[PDB]
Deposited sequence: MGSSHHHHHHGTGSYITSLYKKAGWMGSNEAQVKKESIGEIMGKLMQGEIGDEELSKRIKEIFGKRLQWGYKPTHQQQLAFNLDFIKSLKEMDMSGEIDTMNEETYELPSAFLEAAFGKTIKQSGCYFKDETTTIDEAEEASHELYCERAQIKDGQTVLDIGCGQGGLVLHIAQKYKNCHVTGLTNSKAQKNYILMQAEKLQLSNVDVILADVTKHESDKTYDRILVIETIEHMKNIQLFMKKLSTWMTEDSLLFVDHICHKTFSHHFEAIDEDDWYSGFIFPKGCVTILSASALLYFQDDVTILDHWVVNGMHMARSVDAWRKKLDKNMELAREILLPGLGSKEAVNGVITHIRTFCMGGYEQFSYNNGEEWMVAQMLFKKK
């Protein structure tokens, strides 16, 4: 028997080899599958609906401020922090980001001239993609991160894009009468404490002609909070704080149609996400020395730097096991297209 702190100690000291690390995390996700799958569809739906109902009761009641230079050394060219799309075995992370952006544009039915809102826009890859491809679109990113807003505005300037603005806001607190032809939510809904109210708020920012496109990490069958099942799981709470991230089932959002109506529904197989986190892990490993140097003035000590790096690297190692599980057929990416009620 070994404690959390024992495994955590070895992890932070780089004493767990990649083989053992992957094995340990795969086992943790294996136990999540045992927890989530029920013997009958009757029981599966009972379990799933209990989860959905609990989310609706949450109506009653991560640090994205890392330096841009570090994020540039770990992620692809546009610093996309979401599942990318890989056509080939030799597809690069840069190509995969672009392919994913194109996929979103196709599925969200983006057309030149539209007003576009990207909720939780991150480093703005999708915002910049749409702004460059569709010069008559006006594209607004919304983020709660000052660093992210500043990065996007700088990039828009460098790219001679005049059709970009960024709203600095907590989306759950943002009040506006403004409406948009297209609202995009790419791997942001997983952070939403109150989904029913979130979807309601989004619907008020839509007209009859608007479409809403949501992309979220999912499991194909069941939903779960990204948290430890038992005391043996050192991994989940290390990656995300308690209550930060919800992994909805691929169909969970179908039960959140009070204010929006589904038009289409897709999933993207988990191997795409697996290849995404693998590319990030490999790039971080290649740029390890550089990353360490970038992080040192902002953090204080080499130990605090090692801590941030281990966190991100383990996220990628763990993510690989999660999304590659059964060749991408467990955890994957769900996508949904909605119109307003």
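In this chain, the deposited residues that lack C-alpha positions fall in the ranges 1-34, 96-103.
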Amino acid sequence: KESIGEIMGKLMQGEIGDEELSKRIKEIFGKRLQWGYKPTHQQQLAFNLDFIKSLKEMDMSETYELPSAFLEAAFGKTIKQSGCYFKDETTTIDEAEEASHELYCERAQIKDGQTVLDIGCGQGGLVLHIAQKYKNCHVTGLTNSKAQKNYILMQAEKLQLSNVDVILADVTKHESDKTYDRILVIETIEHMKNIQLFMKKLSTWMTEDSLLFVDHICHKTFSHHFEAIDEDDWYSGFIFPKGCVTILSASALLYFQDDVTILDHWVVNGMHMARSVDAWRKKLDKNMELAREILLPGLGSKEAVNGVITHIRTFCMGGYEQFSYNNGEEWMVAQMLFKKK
From here on, numbers count along this sequence of modelled residues.
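Averaged over Cα atoms, the B-factor as recorded in the entry is higher for 304-312 than for the other of 304-312 and 277-285. The PDB entry reports B-factors from which the mean C-alpha value can be compared for 321-329 and 19-27; the larger average falls on 19-27. Across the options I52, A46, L33, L290, the residue with the most elevated CA B-factor in the record is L290.
Among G76, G141, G125, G243, the highest C-alpha B-factor recorded in the PDB entry belongs to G243.
Remark: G270 belongs to the lowest third of its chain, ranked by C-alpha B-factor as recorded. Among all modelled residues in this chain, the alpha-carbon of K339 has a temperature factor (C-alpha) in the lowest third. Among the modelled residues of its chain, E157 has a C-alpha B-factor that falls in the middle third, as given in the PDB entry. Remark: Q196 belongs to the highest third of its chain, ranked by C-alpha B-factor as recorded. The deposited CA B-factor of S61 belongs to the highest third of values across its chain.
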